[PDB]
Amino acid sequence: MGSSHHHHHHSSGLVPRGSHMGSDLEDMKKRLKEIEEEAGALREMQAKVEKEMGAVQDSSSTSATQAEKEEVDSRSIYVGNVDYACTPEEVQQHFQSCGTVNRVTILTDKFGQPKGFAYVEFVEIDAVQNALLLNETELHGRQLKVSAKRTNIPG
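Shown next, in the form of structure tokens:
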């Protein structure tokens, strides 16, 4: 109730963001930082947003791994039953034919399960949509299982 009569709003077709980036963090002992770091404190540099907004590809790039990641982690696919002699590159570039890949993590099983377990993620939904649709068929001469990695709570 409340609404009078639902209508229709034609959506505009945007262009895909074909880009691959991301900084990796290595866990180790902290050192004496001599250089400045990206720490926003009480400073009148808030007006610098006009320039920083255009440098978000370098400066506010880590913000994507926190905010945009919420889309990327839910726009990924899980690859199981992979070839024991498979490589991450051949996997991510193979599925790239259906959807672009921004990041991919592979893990070698040593419990007796098929190694090559990996998952690719991207920002564009259209990319993963084609991936989850057409993926598992033949990889390295083996057949794997690909499922949508739609991470979320059980509700």
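Note that the sequence shown covers residues 15 to 169 in our numbering. Each residue gets a CB set at the ideal place from its N, CA and C atoms; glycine is no exception.
Across which residues does DSSP place residue i in a beta bridge pair?
| i | result |
| --- | --- |
| residue 151 | Its beta-bridge partners do not exist; DSSP assigns none. |
| residue 131 | 121 |
| residue 159 | 94 |
Going by the CB atoms, is the gap between residue j and residue i shorter than 9 angstroms?
| i | j | result |
| --- | --- | --- |
| residue 37 | residue 76 | yes |
| residue 105 | residue 159 | no |
| residue 113 | residue 145 | yes |
| residue 156 | residue 118 | no |
| residue 62 | residue 98 | no |
Among the options, which one has its Cα closest to the Cα of residue i?
| i | options | result |
| --- | --- | --- |
| residue 27 | 140, 146, 156, 167 | 140 |
| residue 182 | 61, 136, 29 | Given that the chain is displayed from residue 15 to residue 169, the structure contains no residue 182 and the question cannot be resolved. |
| residue 35 | 127, 165, 116 | 116 |
| residue 30 | 143, 169, 18, 53 | 143 |
| residue 107 | 169, 15, 154 | 154 |
| residue 82 | 138, 122, 47, 60 | 138 |
Quick one: residues in its chain with C-beta nearer than 6 angstroms to the C-beta of residue i, no 5 flanking neighbours on either side, listed in chain order?
| i | result |
| --- | --- |
| residue 163 | 90, 91, 92, 133 |
| residue 149 | 109, 160 |
| residue 120 | 102, 132 |
Here's a check: name, in chain order, each residue in its chain whose Cβ is nearer than 8 angstroms to the Cβ of residue i, leaving out the five neighbours to either side.
| i | result |
| --- | --- |
| residue 32 | 114 |
| residue 147 | 112 |
| residue 87 | 135, 163, 165 |
| residue 73 | 52, 66 |
Complete beta strand (DSSP E) runs within the region 62-109 (minimum length 3 residues, chain order)
90-94
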